[PDB]
Every structure is written in structure tokens, then in C-alpha cells.
Amino acid sequence: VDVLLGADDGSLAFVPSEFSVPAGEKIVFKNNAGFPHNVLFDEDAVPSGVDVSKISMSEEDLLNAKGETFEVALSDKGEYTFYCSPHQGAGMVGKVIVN
Ligand SMILES: [Cu+2]
């Protein structure tokens, strides 16, 4: 499934902000507008047994150009919160439900 980083109108949103995916489907975060963005998972809001380090960009690593991607596949079922490091305080956070 593709998730845009930044709305076309410059909003600091993942698009979609919430969605479900079957376990193991590739999620393609696609840099879109209103850079820089990156994608990390919140160690306090993922299913028990998930290691966010394996599924998160390094916080120091930013996507500054349209069409860069960050790709991840989530095998454990449950709710995960992801966020953009530079924009976390501006509400650029999302939820994926893996089913
Ligand atoms: Cu961002």
C-alpha cells in the first residue's frame, strides 16, 4: 500500500493517516510535498514483541525530494503508530492496523 509523506497542499500529514493492511504487505512511504520527512515507529505504541528499530528510519536520515520512498513490511498483527521525526510535534503521526 502507498502512504504519501506530506499532502499535496503542504499539510504535515501522512496520507492516509490511518489504514489497515494484511500482515506482510509492503507499505511504501512515498515522499510527496512539504519536506523534509522521515518515518519511524513509536516503541510505546506497537504490538508487544515488535522491535521498532527494524522498521524505522534512523532519525538523522531525512527525505528531501519528491518520490524517494521508505519501504517496510509488518509481520506481527496489531496496531502500530508511526511518526515523522521533524514533524511529530506538528501532528504528523499515523496508525496502521496489521490484520
Ligand atoms: Cu514530516
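We number each residue from 1, going along the chain as drawn.
This deposition comes from X-ray crystallography, 1.8 Å.
Cβ coordinates come from backbone N, Cα and C, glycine included.
Look at Swiss-Prot and you will find 1-99 tagged as domain 'Plastocyanin-like'. Per Swiss-Prot, the feature Cu cation binding site maps to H37, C84, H87, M92; the stated evidence is experimental evidence.
Of all Cβ atoms in the protein chains displayed, 26 besides its own lie within 10 Å of the Cβ of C84 (Cu cation binding site).
One residue stands out among the binding-site residues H37, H87, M92 for having the most other Cβ atoms within 10 Å of its Cβ: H37. Surrounding the centroid of the Cβ atoms of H37, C84, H87, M92, where the record places Cu cation, the chain contributes additional residues within 8 Å, namely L5, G6, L12, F14, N38, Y83, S85, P86, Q88, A90.
According to DSSP, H37 (Cu cation binding site) sits within a strand segment. According to its DSSP assignment, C84 (Cu cation binding site) is coil.
Secondary structure of the domain 'Plastocyanin-like' (1-99) per DSSP (helix as H, G, I; strand as E, B; remaining residues coil): 7 helix, 37 strand, 55 coil.
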